[PDB]
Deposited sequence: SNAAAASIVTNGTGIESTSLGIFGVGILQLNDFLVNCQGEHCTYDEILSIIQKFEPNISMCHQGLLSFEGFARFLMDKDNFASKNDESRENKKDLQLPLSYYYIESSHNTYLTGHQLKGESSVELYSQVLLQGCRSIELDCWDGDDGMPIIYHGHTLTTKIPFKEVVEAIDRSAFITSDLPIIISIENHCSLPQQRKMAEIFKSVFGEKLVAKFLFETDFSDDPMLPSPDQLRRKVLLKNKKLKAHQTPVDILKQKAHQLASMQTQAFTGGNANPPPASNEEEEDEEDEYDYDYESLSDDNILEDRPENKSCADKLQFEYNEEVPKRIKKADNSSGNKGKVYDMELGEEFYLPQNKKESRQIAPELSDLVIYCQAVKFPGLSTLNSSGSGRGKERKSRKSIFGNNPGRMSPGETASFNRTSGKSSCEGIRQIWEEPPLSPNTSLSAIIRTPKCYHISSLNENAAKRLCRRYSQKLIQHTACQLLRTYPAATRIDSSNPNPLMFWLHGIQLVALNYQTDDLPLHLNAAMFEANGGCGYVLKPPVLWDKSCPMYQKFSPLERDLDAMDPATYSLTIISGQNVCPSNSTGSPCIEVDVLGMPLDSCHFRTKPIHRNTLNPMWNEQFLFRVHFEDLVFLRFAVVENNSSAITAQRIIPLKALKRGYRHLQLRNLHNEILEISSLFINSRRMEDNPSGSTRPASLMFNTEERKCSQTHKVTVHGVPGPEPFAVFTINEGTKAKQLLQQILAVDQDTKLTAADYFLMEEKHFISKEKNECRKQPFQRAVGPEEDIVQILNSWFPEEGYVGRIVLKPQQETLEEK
């Protein structure tokens, strides 16, 4: 009549990758089996098992439940992607359209940490913001700085970087400096703050150390060698009479950690230098100097922005840049397009605070692939990729206000080129309300740390995109799950969703270990279920890490005083497969060898020798 606890556990471990205790499972039955006499015998009915997984609170994303990690925020500023806005003051087109002050408030409230002022002369000796030599409307500089002060730290107390595109006179550059000091007060970094900044080989300080701080990014006056050089240069200026090159000292003195420099290629220490490349120059840099660009971004910040050619405020794909460890990929937040949605999926991580620690191959020396990795290269023959299966089972209300459209689902794997690939289902004829596809895609991935899954709903007739969702691959939960879809403005569509299965396998050496560190392994929590543990319940749960090994798990189980080994068991739908586990073998590697929906469920068992 129904599913037992032992059998509901095998399904949850193997398909859903959730290790629940005897009691948490008795709870799921109590919550989904209405019939009390079933409930009293520990049996979930078949219609109740279906209700359990069809439930609206069976979401796909782990990022629903992600929050700031204090430790992950304790490394140098340059080890992080940093959510960034291009020409924040613009509402639409780059050469026409309005400037708005509020846009700084909206962007910063969202969790953005880098924003851009383009400062020009106002006819009354007060700096104004607008796109130079165009029909953009002008907004007051002061109003913008106040908007940033109010809203900078409402959503996230992690430091912002103000990108100043300085086109003012020296008189109005001094105004700018008064207003930065009077408005931001003790939040504005106006001096080197840390013991670590006066050390032999200095690094940028941690985004943690800089909570509730505002970093200016402007040009900084180069230090003159002697009194005479200053006076001689001054006599040169006088002698010939009959962005802006000059920099008010008042403003230069407020530039500390982010000293803008025309890009030098590949006397203030270099970790305080930062450069701003149009997308074309940054792409050239990524093709030509792949590994050098990665060694550069380990110690210094680099900022890319949209090409000048994109006058419609289109956006470039951020992946190229993030894979070379570029931190500030500055997008037009006013343009809903696939890249802005890629941006948003990236900065769901770490509580949406706007600082995400980089995949450790682009900074941690103890990563097997440190300095060997170029993301544009196909010859990864050293390593065995992880095998992903993704079933698109079905949808609900996938094209709002079009009951009679014919939808298919585009699924795009977006990562380094080698990991990239496109799928598309058959179109369901005239049913956007509860279409069923039950179509499966296989794909392999080497660099899990920066793949994005894009689900788009495409109305086959008009070929228009009606709903969309992007989710980091590592964020997708294994098993049967509901994927909340969103409209083309990345707003939640309260009823529209897809029902999906995903599976992951690991069969030279595995990629996820080649791209890992022993420090990240031992800090990644994983749960294991073990049957046959002396005790009341027939299976117990244990907290471990991706680094824990058979010998270590054995000590953890047994240490409490009353010749045992762990057994890898596969039970079929026969006689069970049984493999003794080697004392020095990684446990999580065994759980990731299993593949569900192949006629077995995996267990780990304690046995007497």
Stretches with no C-alpha position, numbering per deposited sequence from 1: 1-22, 265-357, 382-448, 690-694, 750-756, 768-775, 812-818
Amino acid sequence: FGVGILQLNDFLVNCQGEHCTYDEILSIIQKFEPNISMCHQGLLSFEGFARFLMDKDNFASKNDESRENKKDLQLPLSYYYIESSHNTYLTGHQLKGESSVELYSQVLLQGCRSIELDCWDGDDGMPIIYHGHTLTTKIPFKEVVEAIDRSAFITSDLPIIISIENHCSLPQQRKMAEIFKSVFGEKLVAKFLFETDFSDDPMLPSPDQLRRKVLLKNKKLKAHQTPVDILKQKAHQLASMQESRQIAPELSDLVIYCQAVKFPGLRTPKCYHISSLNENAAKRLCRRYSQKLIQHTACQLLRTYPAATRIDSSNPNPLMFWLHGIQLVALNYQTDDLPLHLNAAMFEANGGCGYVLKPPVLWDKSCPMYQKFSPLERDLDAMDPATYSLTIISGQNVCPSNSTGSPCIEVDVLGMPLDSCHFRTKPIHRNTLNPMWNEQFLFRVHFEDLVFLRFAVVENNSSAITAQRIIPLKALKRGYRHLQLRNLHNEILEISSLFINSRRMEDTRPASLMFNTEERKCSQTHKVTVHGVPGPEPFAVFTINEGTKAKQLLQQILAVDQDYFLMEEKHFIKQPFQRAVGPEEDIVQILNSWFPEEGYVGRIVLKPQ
From here on, numbers count along this sequence of modelled residues.
Taking the mean of the C-alpha B-factors per stretch from the entry, tell me the winner out of 581-589 and 596-604. 581-589
Identify the stretch, either 229-237 or 338-346, whose C-alpha atoms have the larger mean B-factor according to the entry. 229-237
Residue with maximal Cα B-factor (values as given in the PDB entry) among 353, 483, 522, 147: 522
Comparing recorded Cα B-factors across 123, 165, 186, 410, which one is largest? 123
Ranked against its chain, the third holding the CA B-factor of residue 92: middle
Third of chain Cα B-factors occupied by residue 479: lowest
Record-listed C-alpha B factor of residue 245: chain third: highest
So, residue 272's CA B-factor, relative to its chain, sits in which third? The middle
Among the modelled residues of this chain, does the Cα B factor of residue 532 put it in the lowest, middle or highest third? highest
